[PDB]
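Single-structure report; data block below.
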Amino acid sequence: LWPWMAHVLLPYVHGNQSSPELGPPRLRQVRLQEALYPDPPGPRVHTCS
Amino acid sequence: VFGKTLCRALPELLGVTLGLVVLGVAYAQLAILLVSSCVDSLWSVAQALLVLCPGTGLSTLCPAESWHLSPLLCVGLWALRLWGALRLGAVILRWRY
Amino acid sequence: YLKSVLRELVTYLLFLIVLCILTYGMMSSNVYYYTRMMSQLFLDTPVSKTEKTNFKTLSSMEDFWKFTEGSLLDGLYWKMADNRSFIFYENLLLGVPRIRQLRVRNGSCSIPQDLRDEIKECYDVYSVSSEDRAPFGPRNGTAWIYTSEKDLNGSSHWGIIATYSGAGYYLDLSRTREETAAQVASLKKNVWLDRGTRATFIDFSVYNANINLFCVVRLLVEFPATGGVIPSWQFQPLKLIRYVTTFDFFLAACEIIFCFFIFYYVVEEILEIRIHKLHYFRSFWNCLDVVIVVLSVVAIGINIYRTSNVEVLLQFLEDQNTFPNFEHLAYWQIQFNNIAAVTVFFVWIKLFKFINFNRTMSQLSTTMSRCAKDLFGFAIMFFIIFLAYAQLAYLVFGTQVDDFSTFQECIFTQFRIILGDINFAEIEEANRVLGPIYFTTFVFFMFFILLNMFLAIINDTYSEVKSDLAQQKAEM
Amino acid sequence: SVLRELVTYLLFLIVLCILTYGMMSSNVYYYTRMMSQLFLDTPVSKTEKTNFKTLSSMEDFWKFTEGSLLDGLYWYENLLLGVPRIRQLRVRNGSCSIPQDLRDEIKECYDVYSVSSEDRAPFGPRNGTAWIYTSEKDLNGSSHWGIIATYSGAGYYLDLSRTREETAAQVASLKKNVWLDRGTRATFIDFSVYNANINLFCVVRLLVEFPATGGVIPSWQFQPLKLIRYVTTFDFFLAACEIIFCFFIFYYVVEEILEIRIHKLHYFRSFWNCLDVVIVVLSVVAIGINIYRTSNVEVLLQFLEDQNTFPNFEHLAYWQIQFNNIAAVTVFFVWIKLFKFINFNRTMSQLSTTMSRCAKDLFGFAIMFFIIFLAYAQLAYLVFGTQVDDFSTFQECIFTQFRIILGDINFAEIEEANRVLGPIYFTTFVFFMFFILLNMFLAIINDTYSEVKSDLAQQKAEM
Amino acid sequence: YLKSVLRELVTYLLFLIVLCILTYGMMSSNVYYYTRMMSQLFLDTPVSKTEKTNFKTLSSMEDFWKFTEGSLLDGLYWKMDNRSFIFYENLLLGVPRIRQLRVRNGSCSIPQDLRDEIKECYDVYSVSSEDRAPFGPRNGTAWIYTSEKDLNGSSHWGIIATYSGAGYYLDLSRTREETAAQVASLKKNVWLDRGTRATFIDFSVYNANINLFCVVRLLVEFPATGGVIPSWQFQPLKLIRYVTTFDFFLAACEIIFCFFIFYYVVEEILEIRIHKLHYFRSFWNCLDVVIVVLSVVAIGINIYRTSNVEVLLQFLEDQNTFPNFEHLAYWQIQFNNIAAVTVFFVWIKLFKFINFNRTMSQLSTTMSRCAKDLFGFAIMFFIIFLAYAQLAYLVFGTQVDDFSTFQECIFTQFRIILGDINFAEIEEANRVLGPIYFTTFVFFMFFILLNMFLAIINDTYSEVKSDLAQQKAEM
Amino acid sequence: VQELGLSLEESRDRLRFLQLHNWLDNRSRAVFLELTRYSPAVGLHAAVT
Ligand SMILES: CCCCCCCC(=O)OC[C@H](COP(=O)([O-])O)OC(=O)CCCCCCC
Ligand SMILES: *[C@@H]1O[C@H](CO)[C@@H](O)[C@H](O)[C@H]1NC(C)=O
Ligand SMILES: *[C@@H]1O[C@H](CO)[C@@H](O)[C@H](O)[C@H]1NC(C)=O
Ligand SMILES: *[C@@H]1O[C@H](CO)[C@@H](O)[C@H](O)[C@H]1NC(C)=O
Ligand SMILES: *[C@@H]1O[C@H](CO)[C@@H](O)[C@H](O)[C@H]1NC(C)=O
Ligand SMILES: *[C@@H]1O[C@H](CO)[C@@H](O)[C@H](O)[C@H]1NC(C)=O
Ligand SMILES: *[C@@H]1O[C@H](CO)[C@@H](O)[C@H](O)[C@H]1NC(C)=O
């Protein structure tokens, strides 16, 4: 995520071109307070319950 | 006349649809139980299951990740593929007309 | 009765064989490979050794700059005092190619007053009203000066986003590769494609003297106001030196025979409509005649206006260091081809008037003519429902799917869904709900109801026709 | 009395549905796919872009043996069940009659694989079991029915070791001396794994066929076996469901015996009673093979401790796949009987009457349609059968035609293989099936429906 | 029911069994994998390590020169004078041969206007305008024209035109080094000029394990507009039949088939002399005539082919020349086509005997009485189909390569019904009148013409049942 | 919420500060990056999420 933003998004926000910005971006995170545990490989297809 | 027939032959179409749904459920159960057996062996199980889903099985023509996403779409896709069964409805309509 | 029918059938058969000969002559042996090699040379070649992108998959303006000084120059100039260039050692490059630009001016777009602090330049979409007409950059030559449409001998194009004028800022390239590369580098350095550009055209032509067939190549790149790049291409083979071999004289003889046949049909039509049957339109075998006559007359007029206007070839042949204008001839050739195809299709359809020689063929024609009315009556409702589904899909999925972006595209997508040529992924990811509902209800109500009602009507009509003819014949 | 005999059928159906859910959600398919990708798709060595699925030469097979095979075999993680086995089947020089015209130009030719032409003689350094022919009965083997032939199962065999170094040394010794000569015709590699951190077993067999012309043909087979272990209430719930299914089978068999005790021959003329006996026999065969294959758990777990011998878990796989394709048929038949119970209204009544009346004519026209279908299949096999790969075998021709009916044509290979008589076959087949043959079942059904409706209308008039 | 029909049934079953054995004995397995490995070796191999281009995707003359010195010499010569084994089983017979066909400069009429800029014109390939003069270092046979009769050649019918059996040829060597030197000297002195129109490479292998020769022919065509069109042909033949007992069994079956055909011929001739003269008003008689004539043609082809094995004997006399096996392969292909057609017809002849009860009789009568109306409507259906095909040819016939030829237009129209056409190319080929054709064709095929066939079948079946019921219930 | 900064130079510093100060590794139910664009040529706004 961090390399993708530092390489793609940042040259697009301050990279003056068409389609002006109209307000700075924002990053909002959800904590969940309930730190998750890694699971065995499995069939995956988890519903993250 | 046209619309009138579409109103007078509705229970027959409902019955045909119900029968086709039950038959499709039976065939789908057969296919699911047959396919999840093992890896390629060129046997009669794949021979019987190869009457659908392009190439002796293609996850019922809609991928499994897309299969657990709006199964109504997969039902519509399978009705589109086997559209020759729907011709049975004509058997009713003509008579009414 | 049948004695004159024999004469009519003989005349129609002669007309049909003459038309078939003309169409076989106009669509000659494999000129498909000509355009195949040209397109694959110019459209499929990657713009460079490292990049995997080509003209068909352009993405940005820098890709266009790489292609211009790149695959285009590689595919244009071939080595073999400033010698000409043979593209495949067979196809001769006539004159020089030309590049052209269409752009808009800064200030043709009013931004809201409360936002006039962070942004100060807005470029409108392309329109003749808002087109730029002023010099820019290092204003030295024709690349930085506006030239009118009448001074360029140009015309409209009708691209994809809009219809583009025949004017703009143009530049004629050179005959050798080094000169063209220097010119393109000079254009790129003193920036030529800025945010104001809206369209770019590249035009050239080749001869291929082995067969007698010119080829005109036009590549267009559109820069919409919302951003992006849309490429398109146009390769057209022509024949402007027709009279060379014996087959050309044979085709000319067939052409004048066709003209005489059309004149004969016109005279017959006028003579029969003048004396009797002043209504004349309750037959459906006379509307076909007038349609065929009108189409053939339009085709003859287009051919006369097209073959006699070959002055551009004469001007080019006296000075082979200038760009030849062959776009009008290509446009009129395309129009003539479309009209000829429609005319030959209708002439073939006209054959149904004469296939009645036994009781089996008569009853099928009777059944078709009798059920046409009911089929039209039900087809009205069928098309109303079809257009309701089309407009719903256009309004709901029209902004995300790339296949419902226009109303006609929605219609074609539905017709392909009938054939089973649809992919469910895009229609579903565009809308979790109302996506599967649309597809399922459309398929069900189209295959289970509408397709069977046509069969019901047709079968009832055929049954009643057959039964009544059988009863009449068996009881007389 | 129909309502009473309805609830029992619905209970039987729901029990069968619970058993089906337990079977299909066993999550064994994921393990087979994962380990197949581990062994098959893995490249031999990163310097060479090739794997087992795209083997092309004998040297490629030698690279695979000391390579991806030894890597995946000795590492989510799997536990070996003893020692793998590698064996080969070869023919003998002199099973081949060179024509006298050019007998001076060619000296050696080996026939195709057959039991009569098989080789049973020592070769190379006659040290151990890799250079001595041991009969089929001495290896507990059986036939295989491979891609191009049926392989006896005796061969020359060698059992590898437990550690990677010993097996690598053995394979190096087997490659130093020329073990795979021109007479080699087939090669089998067999082993089995456990995957400690999961309750599963798997049997792996890899076959490589060397045709008499040249090249190689690879094939693979992974079979999972599950042993029943009770860890949660789910296991007990499914055990109870199985015992209830057995009780329901007992109820049906005793009811059928009671009914047949007074219907010596008035039982087989119907259809919904002839299906009951088929369901019963299929279910009891499935029950028998299930209670038979379950009496091998002690044998399955007897090899994972310290054993250094080859375990022969092949008939277990055969019985498992037999159970697997019996269960599908039995559930299909019960879901068909669900049709038997849907006759509540006059609409379904007349639909069922139409089908029952038109079944015989449907069968007759099916006979004609299959005659024409087989004629077309034979023509396609004789014309495109050598260069298309979709008509190589007769069953492949039949399946290709069936896919063509469902709109899955290629038409590039078909037209390339025969410019004339290739497109003719395709066009005639499409025209005669899409427009004529498939429109004749509908004629029979429509006519039967009209007759049934007229009969019902005329019967109702005076009643 | 009586003895005559029983005798006819027994004779027909015996004849069908004989044909089944004969066709099964010539289309076994291991013949598909032979040609498959050969094709993979020669077609799919890249021309060189640094390029991903193969024979199937040739694009220029330099690519052809790379392939000739590249994958070809790698796939022909294998190391163990010595002989070459392709897969250590397939033996390369004699030497391969390369041969080019070219036209002559000045075979055109350059227009007077452009005569001052272009001096060379080479027409498209034709027999009347092909070169027959020496060029380059005119010493060997690669620089001298050799007529068709002196090369024992024949036509080929390639993709663009039908090429003659003559041309400028060169016979390669048995060892890789000599062949490489020959091709290098053939490329240094420019052999493929602008006049070159076609090139052929021919060779053969034996594979003595099974008894099956394989003949390989690779063709590259150079159109007058520039470019390269590659094509290939791999064909297995059997010329030493009587090696095993199964071959003697097949010969006995062939003799039995010949006797059966003679019996059918004499029966048919004896029928139409006076008895039912002009009996061609029955389907089962025209079918018998077709089967008889096809079988006679196949027997004649087989007799004229198997008696021509002088080329094999000549090659066996001297094994350092070029084996000429093209005619045998051509006649084998023709014989296979005829055999497939006649076996299909004899299989569909089975309907003459399936009338054992009333259901089969009713279905047969219904099918018999549907033939006239179905043919009458098929005439109109094909008229409309041909009109649409001609329109599509005239519209898309230069851009879409599904409508590039009239028969290709017909095949594409038949594939449209199955819904396996992109529609993306025909959208951009012509934005107007392109989609119109597609939508109108779909509407008129799916909604107006299928239902008409179904209606005809329904009405005929109902009428036949009614008539048969009235006939049966009024005794 | 994190505003990602205003200028291009300070945005990189904010991004690396979020990288190396234990922000997204542990809990992280979601990231929820969002943007808006304006096209005055056609007068259309766009919500990017
Ligand atoms: C149960 C298998 C159904 C799959 C039918 C094959 C799909 C199909 O496309 O055939 C439909 C057929 C009309 O011809 P066509 O649609 O193949 O062009 O219409 C028919 O011929 C209908 C015949 C099926 C009626 C038998 C149902 C017991
Ligand atoms: C565009 O015009 C505006 C005035 O409306 C001006 O402020 C701006 O500098 C111009 N941009 C150019 C010329 O690039
Ligand atoms: C337009 O055509 C005229 C001749 O009618 C020619 O003199 C002129 O040069 C052409 N325009 C351009 C830009 O070359
Ligand atoms: C194969 O058998 C032939 C027949 O005697 C013999 O000449 C040849 O040497 C044998 N080759 C081998 C490798 O055993
Ligand atoms: C059967 O057991 C193993 C494999 O199951 C095999 O190696 C052995 O030769 C056979 N016979 C005996 C007595 O073990
Ligand atoms: C080809 O033909 C032209 C026709 O006159 C002639 O001038 C020329 O010398 C010939 N040869 C070459 C190599 O062009
Ligand atoms: C053509 O066949 C004859 C027949 O013997 C042979 O002598 C001649 O060499 C053949 N042609 C060539 C080019 O080998």
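Please note that chains go A, B, ... in the order of the structure tokens, that every chain numbers its residues from 1, and that ligands are numbered from 1 in the order shown.
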
Open item on the list: What does the list of residues within 10 Å of ligand 2 look like if you count only C-alpha atoms and all ligand atoms, written as a ChimeraX atom specification?
Closed with: /C:105-111,116,119-123,136,194-196

Selection above as a file: C-alpha atoms, as a PDB file, in the first residue's frame:
ATOM      1  CA  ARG C 105      -8.672  27.901 -26.925  1.00  0.00           C
ATOM      2  CA  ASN C 106      -8.127  28.719 -23.257  1.00  0.00           C
ATOM      3  CA  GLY C 107     -11.123  30.507 -21.750  1.00  0.00           C
ATOM      4  CA  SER C 108     -13.965  28.804 -23.648  1.00  0.00           C
ATOM      5  CA  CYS C 109     -15.166  27.332 -20.337  1.00  0.00           C
ATOM      6  CA  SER C 110     -16.581  29.324 -17.417  1.00  0.00           C
ATOM      7  CA  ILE C 111     -15.673  27.825 -14.031  1.00  0.00           C
ATOM      8  CA  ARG C 116     -11.759  30.859  -9.327  1.00  0.00           C
ATOM      9  CA  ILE C 119      -7.857  26.811 -10.959  1.00  0.00           C
ATOM     10  CA  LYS C 120      -7.631  29.364 -13.761  1.00  0.00           C
ATOM     11  CA  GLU C 121      -7.671  27.425 -17.067  1.00  0.00           C
ATOM     12  CA  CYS C 122     -10.559  25.358 -18.427  1.00  0.00           C
ATOM     13  CA  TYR C 123     -10.623  23.918 -21.950  1.00  0.00           C
ATOM     14  CA  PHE C 136       1.111  29.766 -30.437  1.00  0.00           C
ATOM     15  CA  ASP C 194      -0.532  20.733 -24.866  1.00  0.00           C
ATOM     16  CA  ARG C 195      -3.705  20.414 -22.785  1.00  0.00           C
ATOM     17  CA  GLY C 196      -5.617  22.338 -25.462  1.00  0.00           C
TER      18      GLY C 196
END

TODO: Using backbone DSSP assignments, extract all alpha helix (DSSP H) residues from chain A; output them as an NGL selection string.
DONE: :A and (2-4 or 10-13)

- [ ] Give the residue list for ligand 7 at 9 Å, counting only C-alpha atoms and all ligand atoms, as a list in words, sorted by chain and then by residue number.
- [x]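 The residues within 9 Å of ligand 7, counting only C-alpha atoms and all ligand atoms, are residues 146, 149, 150, 151, 152, 153, 169, 171, 310, 311, 314, 321, 322, 323 and 324 of chain E.
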
For the selection just defined, write its residues with N, CA, C and O atoms to a file, as a PDB file, in the first residue's frame.
ATOM      1  N   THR E 146      13.493 -26.267 -64.674  1.00  0.00           N
ATOM      2  CA  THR E 146      13.258 -27.673 -64.978  1.00  0.00           C
ATOM      3  C   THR E 146      11.761 -27.885 -65.120  1.00  0.00           C
ATOM      4  O   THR E 146      11.001 -27.569 -64.200  1.00  0.00           O
ATOM      5  N   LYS E 149       7.424 -32.182 -66.370  1.00  0.00           N
ATOM      6  CA  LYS E 149       7.584 -33.577 -66.764  1.00  0.00           C
ATOM      7  C   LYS E 149       8.945 -34.129 -66.358  1.00  0.00           C
ATOM      8  O   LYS E 149       9.079 -35.338 -66.139  1.00  0.00           O
ATOM      9  N   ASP E 150       9.958 -33.272 -66.250  1.00  0.00           N
ATOM     10  CA  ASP E 150      11.291 -33.711 -65.863  1.00  0.00           C
ATOM     11  C   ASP E 150      11.486 -33.769 -64.355  1.00  0.00           C
ATOM     12  O   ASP E 150      12.503 -34.301 -63.898  1.00  0.00           O
ATOM     13  N   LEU E 151      10.549 -33.233 -63.575  1.00  0.00           N
ATOM     14  CA  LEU E 151      10.597 -33.313 -62.123  1.00  0.00           C
ATOM     15  C   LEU E 151       9.602 -34.308 -61.549  1.00  0.00           C
ATOM     16  O   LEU E 151       9.592 -34.517 -60.331  1.00  0.00           O
ATOM     17  N   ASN E 152       8.769 -34.926 -62.390  1.00  0.00           N
ATOM     18  CA  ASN E 152       7.727 -35.849 -61.940  1.00  0.00           C
ATOM     19  C   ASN E 152       6.797 -35.183 -60.929  1.00  0.00           C
ATOM     20  O   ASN E 152       6.372 -35.798 -59.949  1.00  0.00           O
ATOM     21  N   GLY E 153       6.475 -33.911 -61.170  1.00  0.00           N
ATOM     22  CA  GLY E 153       5.682 -33.129 -60.250  1.00  0.00           C
ATOM     23  C   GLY E 153       4.211 -33.061 -60.635  1.00  0.00           C
ATOM     24  O   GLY E 153       3.752 -33.665 -61.601  1.00  0.00           O
ATOM     25  N   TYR E 169      14.909 -26.052 -58.498  1.00  0.00           N
ATOM     26  CA  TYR E 169      14.993 -26.949 -57.358  1.00  0.00           C
ATOM     27  C   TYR E 169      16.442 -27.228 -56.981  1.00  0.00           C
ATOM     28  O   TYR E 169      17.375 -26.964 -57.743  1.00  0.00           O
ATOM     29  N   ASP E 171      18.496 -30.391 -54.470  1.00  0.00           N
ATOM     30  CA  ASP E 171      18.464 -31.569 -53.614  1.00  0.00           C
ATOM     31  C   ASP E 171      19.539 -31.423 -52.546  1.00  0.00           C
ATOM     32  O   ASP E 171      20.721 -31.263 -52.868  1.00  0.00           O
ATOM     33  N   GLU E 310       6.372 -48.104 -58.117  1.00  0.00           N
ATOM     34  CA  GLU E 310       7.665 -48.058 -58.789  1.00  0.00           C
ATOM     35  C   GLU E 310       8.599 -47.049 -58.139  1.00  0.00           C
ATOM     36  O   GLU E 310       9.823 -47.223 -58.177  1.00  0.00           O
ATOM     37  N   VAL E 311       8.048 -45.988 -57.545  1.00  0.00           N
ATOM     38  CA  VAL E 311       8.884 -44.992 -56.879  1.00  0.00           C
ATOM     39  C   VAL E 311       9.595 -45.608 -55.680  1.00  0.00           C
ATOM     40  O   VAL E 311      10.778 -45.338 -55.436  1.00  0.00           O
ATOM     41  N   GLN E 314      12.396 -47.816 -56.993  1.00  0.00           N
ATOM     42  CA  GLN E 314      13.488 -46.982 -57.483  1.00  0.00           C
ATOM     43  C   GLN E 314      14.301 -46.407 -56.332  1.00  0.00           C
ATOM     44  O   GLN E 314      15.536 -46.384 -56.385  1.00  0.00           O
ATOM     45  N   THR E 321      19.067 -40.626 -53.232  1.00  0.00           N
ATOM     46  CA  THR E 321      18.301 -39.710 -54.062  1.00  0.00           C
ATOM     47  C   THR E 321      17.087 -39.213 -53.279  1.00  0.00           C
ATOM     48  O   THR E 321      16.934 -39.485 -52.086  1.00  0.00           O
ATOM     49  N   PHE E 322      16.219 -38.474 -53.964  1.00  0.00           N
ATOM     50  CA  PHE E 322      15.022 -37.930 -53.339  1.00  0.00           C
ATOM     51  C   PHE E 322      13.849 -38.878 -53.547  1.00  0.00           C
ATOM     52  O   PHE E 322      13.510 -39.179 -54.699  1.00  0.00           O
ATOM     53  N   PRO E 323      13.213 -39.372 -52.484  1.00  0.00           N
ATOM     54  CA  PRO E 323      12.011 -40.201 -52.654  1.00  0.00           C
ATOM     55  C   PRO E 323      10.805 -39.344 -53.017  1.00  0.00           C
ATOM     56  O   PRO E 323      10.491 -38.369 -52.331  1.00  0.00           O
ATOM     57  N   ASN E 324      10.123 -39.718 -54.097  1.00  0.00           N
ATOM     58  CA  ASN E 324       8.978 -38.966 -54.612  1.00  0.00           C
ATOM     59  C   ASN E 324       7.699 -39.687 -54.192  1.00  0.00           C
ATOM     60  O   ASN E 324       7.248 -40.625 -54.848  1.00  0.00           O
TER      61      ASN E 324
END

TODO: Hey, list the chain E side of the contact with chain B: 12 Å cut-off, only C-alpha atoms, answer as a ChimeraX atom specification.
DONE: /E:418-419,450-451,454-455,458-459

- [ ] Show me which residues sit within 7 Å of ligand 6 when counting only C-alpha atoms and all ligand atoms, and put them as a list in words.
- [x] residues 105, 106, 119 and 120 of chain E

Those selected residues, please, written with C-alpha atoms and delivered as a PDB file, in the first residue's frame.
ATOM      1  CA  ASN E 105       9.947  -9.177 -64.670  1.00  0.00           C
ATOM      2  CA  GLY E 106       7.833  -7.369 -67.236  1.00  0.00           C
ATOM      3  CA  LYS E 119      10.487   0.116 -63.537  1.00  0.00           C
ATOM      4  CA  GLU E 120       9.843  -3.408 -62.190  1.00  0.00           C
TER       5      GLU E 120
END

Task: Test item: residues lying within 7 Å of ligand 3 with only C-alpha atoms and all ligand atoms, as a list in words - done: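 Counting only C-alpha atoms and all ligand atoms, the residues within 7 Å of ligand 3 come out as residues 151, 152 and 153 of chain C.
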
Pull C-alpha atoms from the residues just selected and write them as a PDB file, in the first residue's frame.
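New file part_1.pdb:
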ATOM      1  CA  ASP C 151      -7.120  26.367 -47.836  1.00  0.00           C
ATOM      2  CA  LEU C 152      -6.393  22.742 -46.854  1.00  0.00           C
ATOM      3  CA  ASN C 153      -8.829  21.140 -49.347  1.00  0.00           C
TER       4      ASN C 153
END
